[PDB]
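In the entry's author numbering, the protein residues as written are 139 to 150, 154 to 244.
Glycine residues also receive a C-beta, built at the ideal position from the N, C-alpha and C atoms.
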Ligand SMILES: [Zn+2]
């Protein structure tokens, strides 16, 4: 995917939840049906309605020209490393931990 700058659209707290983000993809175009809206939205992205351009609900990063085989989370991390949503996902503070012992 490619970073989009100077995109002349804005997202009309609305997109904090997965369901709202997924719903944005009602008009996701035919030529990108292979990059799942379900993965895109999980990865924080909202469809802007312009081309195949999606925008992160948290960092405002925009990506378009999605290509076969692109991983939305990896594209997110590569392009927008200071995103607070990604950093929250990298946090191990709130997560259930399984501990191995061979003692
Ligand atoms: Zn982001």
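What residues are listed by DSSP as bridge partners for residue i?
i, result
"residue 205", "140"
"residue 198", "Answer is none; residue 198 lacks a bridge partner."
"residue 187", "196"
Do you know how far the Cα of residue j is from the Cα of residue i?
i, j, result
"residue 220", "residue 244", "43 Å"
"residue 186", "residue 233", "22 Å"
"residue 168", "residue 190", "7 Å"
"residue 166", "residue 180", "11 Å"
"residue 188", "residue 237", "32 Å"
"residue 184", "residue 217", "8 Å"
"residue 196", "residue 240", "37 Å"
How is the alpha helix (DSSP H) around residue i delimited, first residue to last?
i, result
"residue 153", "Residue 153 falls within a stretch that is absent from the model, since the chain runs 150 to 154 with no residues between."
"residue 213", "213-220"
"residue 163", "159-164"
Locate the beta strand (DSSP E) running through residue i, then write down its first and last residues.
i, result
"residue 180", "Here residue 180 belongs to no beta strand (DSSP E); instead the alpha helix (DSSP H) covers 178-183."
Can you tell me the Cβ-Cβ gap for residue i and residue j, rounded? I've got them flagged as a contact below 8 Å.
i, j, result
"residue 139", "residue 210", "In fact, because the Cβ distance is near 10 Å, the residues do not count as touching under 8 Å."
"residue 182", "residue 163", "4 Å"
"residue 193", "residue 213", "About 12 Å; that fails the 8 Å criterion."
"residue 224", "residue 200", "4 Å"
Task: Residues near ligand 1, criterion Cβ-heavy atom distance below 7 Å - done: Spelled out in chain order, the answer is 185, 197, 199, 200, 202, 217, 221, 224, 226 and 227.
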